[PDB]
Amino acid sequence: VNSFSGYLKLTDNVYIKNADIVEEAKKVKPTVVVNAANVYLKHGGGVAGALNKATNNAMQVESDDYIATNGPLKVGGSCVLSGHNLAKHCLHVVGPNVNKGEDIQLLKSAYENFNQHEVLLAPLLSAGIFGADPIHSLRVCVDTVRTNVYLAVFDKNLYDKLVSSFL
């Protein structure tokens, strides 16, 4: 049993809810929240901007030190950093950004990072301002992640379309 409430069950391991991931993280304090990161960990907008704002910019300060030491992530890669006030850990995962011309085949590699964690609160990778089709992102998630993933979908309209169209 875990603390996640109000989710629709899509598969054995994947759950979905219309929720603001920031407000969901603040309520649950999950072990892992996933950030929709870029390779520079520049948390300007989208999910990343919202998560970082909720940490009062402490996520960005920690991230800048990580990049100064390690250099940029790979598209499809990840790093584990603090979850600050939102979670124990934040898994920063880089899905391909279609609005920068990155290979959508890298979305499966991105989701494979989730398999290193038994339970996660996450957004749909490469959705929103990363430009991918969220229906596709949900299909790759279901077909790639084997650990237990609780997906937060901010937009009610999109949530209802994801559920209604789910095979």
# chains A, B, ... in the order shown; residues from 1 in each chain; ligands from 1
$ closest_atom_pairs --of "stretch 39-62 of chain A" --to "stretch 70-80 of chain A" --cutoff "8 Å" --atoms "only C-alpha atoms" --output "JSON lines"
{"residue": "A:39", "atom": "CA", "partner": "A:73", "partner_atom": "CA", "distance": 4.5}
{"residue": "A:40", "atom": "CA", "partner": "A:72", "partner_atom": "CA", "distance": 5.2}
{"residue": "A:41", "atom": "CA", "partner": "A:72", "partner_atom": "CA", "distance": 7.7}
$ write_last_selection --atoms "C-alpha atoms" --output "compact mmCIF listing (two decimals), in the first residue's frame"
# COMPACT_ATOMS: atom_id res chain seq x y z
CA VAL A 39 20.44 18.56 -20.52
CA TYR A 40 21.57 21.84 -18.85
CA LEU A 41 19.18 21.42 -15.87
$ select_by_dssp --residues "chain A" --states "strand (DSSP E)" --output "PDB file with C-alpha atoms, in the first residue's frame"
ATOM      1  CA  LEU A   8      -7.149   5.711 -12.326  1.00  0.00           C
ATOM      2  CA  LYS A   9      -5.319   2.388 -12.833  1.00  0.00           C
ATOM      3  CA  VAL A  14       0.843   2.572 -14.336  1.00  0.00           C
ATOM      4  CA  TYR A  15      -1.648   4.964 -12.685  1.00  0.00           C
ATOM      5  CA  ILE A  16      -2.854   8.407 -13.905  1.00  0.00           C
ATOM      6  CA  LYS A  17      -4.545  11.456 -12.352  1.00  0.00           C
ATOM      7  CA  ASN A  18      -5.517  15.021 -13.398  1.00  0.00           C
ATOM      8  CA  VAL A  32      10.922  10.120  -6.100  1.00  0.00           C
ATOM      9  CA  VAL A  33       9.417  12.956  -8.126  1.00  0.00           C
ATOM     10  CA  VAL A  34      10.464  13.065 -11.783  1.00  0.00           C
ATOM     11  CA  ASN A  35      11.397  16.389 -13.358  1.00  0.00           C
ATOM     12  CA  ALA A  36      10.971  17.067 -17.067  1.00  0.00           C
ATOM     13  CA  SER A  78      18.936  11.300 -15.998  1.00  0.00           C
ATOM     14  CA  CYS A  79      20.481  12.182 -12.664  1.00  0.00           C
ATOM     15  CA  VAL A  80      19.250  11.847  -9.107  1.00  0.00           C
ATOM     16  CA  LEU A  81      19.366  15.032  -6.987  1.00  0.00           C
ATOM     17  CA  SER A  82      17.573  16.246  -3.912  1.00  0.00           C
ATOM     18  CA  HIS A  89      14.748  12.636  -4.374  1.00  0.00           C
ATOM     19  CA  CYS A  90      14.194  14.275  -7.750  1.00  0.00           C
ATOM     20  CA  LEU A  91      14.960  12.160 -10.780  1.00  0.00           C
ATOM     21  CA  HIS A  92      15.780  14.702 -13.502  1.00  0.00           C
ATOM     22  CA  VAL A  93      14.982  12.927 -16.791  1.00  0.00           C
ATOM     23  CA  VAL A 119       7.802   3.947  -7.143  1.00  0.00           C
ATOM     24  CA  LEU A 120       7.719   7.399  -8.823  1.00  0.00           C
ATOM     25  CA  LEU A 121       5.468  10.431  -9.201  1.00  0.00           C
ATOM     26  CA  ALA A 122       6.053  11.682 -12.769  1.00  0.00           C
ATOM     27  CA  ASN A 148       5.112   1.637 -10.270  1.00  0.00           C
ATOM     28  CA  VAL A 149       4.523   5.044 -11.820  1.00  0.00           C
ATOM     29  CA  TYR A 150       1.900   7.618 -10.780  1.00  0.00           C
ATOM     30  CA  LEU A 151       1.433  10.069 -13.657  1.00  0.00           C
ATOM     31  CA  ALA A 152       0.184  13.615 -12.978  1.00  0.00           C
ATOM     32  CA  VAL A 153      -1.455  15.318 -15.967  1.00  0.00           C
TER      33      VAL A 153
END
$ atom_distance --atom1 "atom CA of residue A:160" --atom2 "atom CA of residue A:46"
20.0 Å
$ closest_residue --among "A:145, A:37, A:19, A:138" --to "residue A:162" --atoms "only C-alpha atoms"
A:138
$ select_by_dssp --residues "stretch 23-141 of chain A" --states "helix (DSSP H, G or I)" --output "JSON, numbers by chain"
{"A": [23, 24, 25, 26, 27, 28, 46, 47, 48, 49, 50, 51, 52, 53, 54, 58, 59, 60, 61, 62, 63, 64, 65, 66, 67, 68, 69, 70, 98, 99, 100, 106, 107, 108, 109, 110, 111, 112, 113, 114, 115, 116, 128, 129, 130, 134, 135, 136, 137, 138, 139, 140, 141]}
$ write_last_selection --atoms "C-alpha atoms" --output "PDB file, in the first residue's frame"
ATOM      1  CA  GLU A  23       0.627  20.159  -5.440  1.00  0.00           C
ATOM      2  CA  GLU A  24       0.729  16.359  -5.641  1.00  0.00           C
ATOM      3  CA  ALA A  25       4.398  16.231  -4.544  1.00  0.00           C
ATOM      4  CA  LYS A  26       3.724  18.675  -1.675  1.00  0.00           C
ATOM      5  CA  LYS A  27       0.823  16.439  -0.436  1.00  0.00           C
ATOM      6  CA  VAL A  28       2.427  12.948  -0.889  1.00  0.00           C
ATOM      7  CA  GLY A  46       6.952  23.777 -17.967  1.00  0.00           C
ATOM      8  CA  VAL A  47       7.081  21.167 -15.231  1.00  0.00           C
ATOM      9  CA  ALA A  48      10.723  22.040 -14.419  1.00  0.00           C
ATOM     10  CA  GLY A  49      10.014  25.738 -13.943  1.00  0.00           C
ATOM     11  CA  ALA A  50       7.059  24.916 -11.697  1.00  0.00           C
ATOM     12  CA  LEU A  51       8.982  22.362  -9.568  1.00  0.00           C
ATOM     13  CA  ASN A  52      11.938  24.712  -9.237  1.00  0.00           C
ATOM     14  CA  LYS A  53       9.690  27.673  -8.252  1.00  0.00           C
ATOM     15  CA  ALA A  54       8.096  25.481  -5.529  1.00  0.00           C
ATOM     16  CA  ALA A  58      16.989  25.652  -4.394  1.00  0.00           C
ATOM     17  CA  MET A  59      16.574  23.036  -7.175  1.00  0.00           C
ATOM     18  CA  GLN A  60      18.289  25.424  -9.660  1.00  0.00           C
ATOM     19  CA  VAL A  61      21.145  26.211  -7.225  1.00  0.00           C
ATOM     20  CA  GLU A  62      21.812  22.481  -6.677  1.00  0.00           C
ATOM     21  CA  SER A  63      21.490  21.818 -10.405  1.00  0.00           C
ATOM     22  CA  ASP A  64      24.001  24.515 -11.357  1.00  0.00           C
ATOM     23  CA  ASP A  65      26.574  22.945  -9.008  1.00  0.00           C
ATOM     24  CA  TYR A  66      25.819  19.485 -10.594  1.00  0.00           C
ATOM     25  CA  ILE A  67      26.419  20.816 -14.113  1.00  0.00           C
ATOM     26  CA  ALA A  68      29.559  22.738 -13.126  1.00  0.00           C
ATOM     27  CA  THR A  69      31.004  19.416 -11.832  1.00  0.00           C
ATOM     28  CA  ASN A  70      29.633  16.861 -14.344  1.00  0.00           C
ATOM     29  CA  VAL A  98      10.650  17.969 -30.526  1.00  0.00           C
ATOM     30  CA  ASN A  99      10.847  21.850 -30.633  1.00  0.00           C
ATOM     31  CA  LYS A 100      14.724  21.356 -30.783  1.00  0.00           C
ATOM     32  CA  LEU A 106      15.001   8.632 -27.378  1.00  0.00           C
ATOM     33  CA  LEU A 107      11.713   8.792 -25.437  1.00  0.00           C
ATOM     34  CA  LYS A 108      11.936   5.045 -24.668  1.00  0.00           C
ATOM     35  CA  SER A 109      15.511   5.510 -23.350  1.00  0.00           C
ATOM     36  CA  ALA A 110      14.240   8.409 -21.173  1.00  0.00           C
ATOM     37  CA  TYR A 111      11.481   6.252 -19.635  1.00  0.00           C
ATOM     38  CA  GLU A 112      13.955   3.393 -18.968  1.00  0.00           C
ATOM     39  CA  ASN A 113      15.464   5.587 -16.207  1.00  0.00           C
ATOM     40  CA  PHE A 114      12.231   5.111 -14.238  1.00  0.00           C
ATOM     41  CA  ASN A 115      12.968   1.371 -13.910  1.00  0.00           C
ATOM     42  CA  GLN A 116      15.793   2.165 -11.427  1.00  0.00           C
ATOM     43  CA  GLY A 128       3.858  20.026 -22.865  1.00  0.00           C
ATOM     44  CA  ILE A 129       6.529  22.448 -24.069  1.00  0.00           C
ATOM     45  CA  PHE A 130       8.786  19.530 -25.175  1.00  0.00           C
ATOM     46  CA  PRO A 134       1.191  13.053 -25.024  1.00  0.00           C
ATOM     47  CA  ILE A 135      -0.841  10.012 -26.266  1.00  0.00           C
ATOM     48  CA  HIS A 136       2.403   8.617 -27.681  1.00  0.00           C
ATOM     49  CA  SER A 137       4.294   9.453 -24.482  1.00  0.00           C
ATOM     50  CA  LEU A 138       1.725   7.512 -22.415  1.00  0.00           C
ATOM     51  CA  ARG A 139       2.004   4.491 -24.750  1.00  0.00           C
ATOM     52  CA  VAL A 140       5.832   4.486 -24.458  1.00  0.00           C
ATOM     53  CA  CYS A 141       5.525   4.850 -20.672  1.00  0.00           C
TER      54      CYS A 141
END
$ closest_residue --among "A:133, A:154, A:142, A:125" --to "residue A:22" --atoms "only C-alpha atoms"
A:154
